[PDB]
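Step one of this worksheet: look at the structure below.
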Amino acid sequence: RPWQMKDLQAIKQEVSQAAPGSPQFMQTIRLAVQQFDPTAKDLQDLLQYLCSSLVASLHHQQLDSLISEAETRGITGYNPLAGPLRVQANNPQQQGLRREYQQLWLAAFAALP
């Protein structure tokens, strides 16, 4: 049950005025992420739709650092012999990795301003 075009259109329109990482944007994006239960691929699509290449790159770097610390510590469900967290989160049998990816994503995007 992935999102459709209308959901993305509403998500972008409702937060057109606000700035990335504002409380309003964080509310709406967090609700979307917690409601649709998407993988990393869909999150990348959503970010490409919402913010430009500059904000995309900044979030990419911040999320790289956050994932770096998180999975360098060692995580309950992460096994580094199978692939990067971006790929484990895309397997529907690793929901723990998917939820960790979602939370790192939202925190990274919130850490912009």
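Labels used: A, B, ... for chains in the order of the structure tokens, numbers from 1 for residues in each chain, and numbers from 1 for ligands as shown.
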Near-stretch 27-35 of chain A list (9 Å; only C-alpha atoms; drop same-chain fewer than 6 positions) as a ChimeraX atom specification: /A:7,11,14-15,43,99,102-103,106
Output file for the selection above: N, CA, C and O atoms, as a PDB file, in the first residue's frame:
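The file below, selection11.pdb, is the result:
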```pdb
ATOM      1  N   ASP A   7      -1.442  11.635  -2.646  1.00  0.00           N
ATOM      2  CA  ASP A   7      -0.859  11.794  -1.316  1.00  0.00           C
ATOM      3  C   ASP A   7       0.379  12.680  -1.372  1.00  0.00           C
ATOM      4  O   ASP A   7       0.555  13.576  -0.540  1.00  0.00           O
ATOM      5  N   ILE A  11       0.932  16.309   0.369  1.00  0.00           N
ATOM      6  CA  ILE A  11       2.037  16.509   1.300  1.00  0.00           C
ATOM      7  C   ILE A  11       2.852  17.728   0.891  1.00  0.00           C
ATOM      8  O   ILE A  11       3.212  18.564   1.727  1.00  0.00           O
ATOM      9  N   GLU A  14       0.613  21.173   1.242  1.00  0.00           N
ATOM     10  CA  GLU A  14       0.307  21.635   2.592  1.00  0.00           C
ATOM     11  C   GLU A  14       1.505  22.336   3.223  1.00  0.00           C
ATOM     12  O   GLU A  14       1.340  23.185   4.105  1.00  0.00           O
ATOM     13  N   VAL A  15       2.717  22.005   2.781  1.00  0.00           N
ATOM     14  CA  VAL A  15       3.924  22.527   3.411  1.00  0.00           C
ATOM     15  C   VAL A  15       4.744  23.305   2.390  1.00  0.00           C
ATOM     16  O   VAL A  15       5.974  23.363   2.480  1.00  0.00           O
ATOM     17  N   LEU A  43      11.445   6.870   0.194  1.00  0.00           N
ATOM     18  CA  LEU A  43      11.885   8.076   0.884  1.00  0.00           C
ATOM     19  C   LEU A  43      12.745   8.943  -0.027  1.00  0.00           C
ATOM     20  O   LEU A  43      12.604  10.171  -0.040  1.00  0.00           O
ATOM     21  N   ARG A  99      12.483   0.821  10.114  1.00  0.00           N
ATOM     22  CA  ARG A  99      12.120   1.839  11.092  1.00  0.00           C
ATOM     23  C   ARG A  99      13.331   2.660  11.515  1.00  0.00           C
ATOM     24  O   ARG A  99      13.228   3.887  11.670  1.00  0.00           O
ATOM     25  N   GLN A 102      13.927   5.094   8.753  1.00  0.00           N
ATOM     26  CA  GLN A 102      12.963   6.186   8.777  1.00  0.00           C
ATOM     27  C   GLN A 102      13.323   7.211   9.844  1.00  0.00           C
ATOM     28  O   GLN A 102      13.264   8.423   9.596  1.00  0.00           O
ATOM     29  N   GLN A 103      13.705   6.748  11.036  1.00  0.00           N
ATOM     30  CA  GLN A 103      13.997   7.690  12.115  1.00  0.00           C
ATOM     31  C   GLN A 103      15.282   8.469  11.847  1.00  0.00           C
ATOM     32  O   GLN A 103      15.335   9.685  12.078  1.00  0.00           O
ATOM     33  N   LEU A 106      14.319  11.165   9.246  1.00  0.00           N
ATOM     34  CA  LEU A 106      13.582  12.322   9.743  1.00  0.00           C
ATOM     35  C   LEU A 106      14.462  13.195  10.627  1.00  0.00           C
ATOM     36  O   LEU A 106      14.416  14.427  10.531  1.00  0.00           O
TER      37      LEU A 106
END
```
Contact residues around residue A:44 with only C-alpha atoms at 10 Å, ignoring same-chain residues under 5 positions, as number ranges by chain: A: 39, 49-50, 56, 60, 105
Keeping only N, CA and C atoms, write those residues as a PDB file, in the first residue's frame.
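So part.pdb came out as:
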```
ATOM      1  N   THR A  39      10.021   2.248   2.390  1.00  0.00           N
ATOM      2  CA  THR A  39      11.409   1.821   2.438  1.00  0.00           C
ATOM      3  C   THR A  39      12.309   3.012   2.105  1.00  0.00           C
ATOM      4  N   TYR A  49      11.134  14.838  -4.760  1.00  0.00           N
ATOM      5  CA  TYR A  49       9.953  15.644  -5.060  1.00  0.00           C
ATOM      6  C   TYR A  49       9.928  16.928  -4.241  1.00  0.00           C
ATOM      7  N   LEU A  50      10.273  16.846  -2.955  1.00  0.00           N
ATOM      8  CA  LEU A  50       9.996  17.965  -2.056  1.00  0.00           C
ATOM      9  C   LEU A  50      11.030  19.078  -2.194  1.00  0.00           C
ATOM     10  N   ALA A  56      18.695  18.206  -0.911  1.00  0.00           N
ATOM     11  CA  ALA A  56      18.876  16.766  -1.022  1.00  0.00           C
ATOM     12  C   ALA A  56      20.297  16.367  -0.657  1.00  0.00           C
ATOM     13  N   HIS A  60      21.549  14.232   2.467  1.00  0.00           N
ATOM     14  CA  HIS A  60      22.296  13.015   2.184  1.00  0.00           C
ATOM     15  C   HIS A  60      23.533  12.927   3.064  1.00  0.00           C
ATOM     16  N   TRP A 105      16.384   9.172   8.899  1.00  0.00           N
ATOM     17  CA  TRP A 105      15.990  10.091   7.839  1.00  0.00           C
ATOM     18  C   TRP A 105      15.336  11.342   8.404  1.00  0.00           C
TER      19      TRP A 105
END
```
10 Å contact set for stretch 80-85 of chain A, only C-alpha atoms, chain neighbours under 6 positions out, as a PDB file with N, CA and C atoms, in the first residue's frame:
```pdb
ATOM      1  N   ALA A  40      13.596   2.754   1.867  1.00  0.00           N
ATOM      2  CA  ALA A  40      14.512   3.840   1.528  1.00  0.00           C
ATOM      3  C   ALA A  40      14.229   4.398   0.137  1.00  0.00           C
ATOM      4  N   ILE A  67      23.606   7.515   9.993  1.00  0.00           N
ATOM      5  CA  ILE A  67      23.683   6.079   9.770  1.00  0.00           C
ATOM      6  C   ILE A  67      25.063   5.581  10.140  1.00  0.00           C
ATOM      7  N   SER A  68      26.096   6.382   9.858  1.00  0.00           N
ATOM      8  CA  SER A  68      27.454   5.982  10.185  1.00  0.00           C
ATOM      9  C   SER A  68      27.582   5.677  11.667  1.00  0.00           C
ATOM     10  N   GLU A  71      25.048   2.543  12.873  1.00  0.00           N
ATOM     11  CA  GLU A  71      25.414   1.168  12.559  1.00  0.00           C
ATOM     12  C   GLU A  71      26.887   0.877  12.824  1.00  0.00           C
ATOM     13  N   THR A  72      27.707   1.891  13.131  1.00  0.00           N
ATOM     14  CA  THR A  72      29.039   1.603  13.652  1.00  0.00           C
ATOM     15  C   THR A  72      28.968   1.189  15.115  1.00  0.00           C
ATOM     16  N   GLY A  74      26.596  -0.609  16.295  1.00  0.00           N
ATOM     17  CA  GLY A  74      26.072  -1.971  16.281  1.00  0.00           C
ATOM     18  C   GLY A  74      24.601  -1.888  16.635  1.00  0.00           C
ATOM     19  N   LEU A  97      15.263  -2.584  10.504  1.00  0.00           N
ATOM     20  CA  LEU A  97      16.119  -1.707   9.715  1.00  0.00           C
ATOM     21  C   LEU A  97      15.304  -0.612   9.045  1.00  0.00           C
ATOM     22  N   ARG A  98      14.095  -0.941   8.588  1.00  0.00           N
ATOM     23  CA  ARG A  98      13.263   0.059   7.929  1.00  0.00           C
ATOM     24  C   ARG A  98      12.880   1.175   8.890  1.00  0.00           C
ATOM     25  N   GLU A 100      14.484   2.018  11.699  1.00  0.00           N
ATOM     26  CA  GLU A 100      15.683   2.787  12.005  1.00  0.00           C
ATOM     27  C   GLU A 100      16.021   3.742  10.871  1.00  0.00           C
ATOM     28  N   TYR A 101      15.905   3.286   9.621  1.00  0.00           N
ATOM     29  CA  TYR A 101      16.167   4.167   8.490  1.00  0.00           C
ATOM     30  C   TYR A 101      15.209   5.346   8.490  1.00  0.00           C
TER      31      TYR A 101
END
```
Distance of atom CA of residue A:78 from atom CA of residue A:95, expressed in Å to one decimal place: 10.9 Å
Nearest-residue call for residue A:66, choices A:51, A:107, A:10, A:19, using only C-alpha atoms: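 Looking only at the distances to residue A:66, the closest residue turns out to be A:107.
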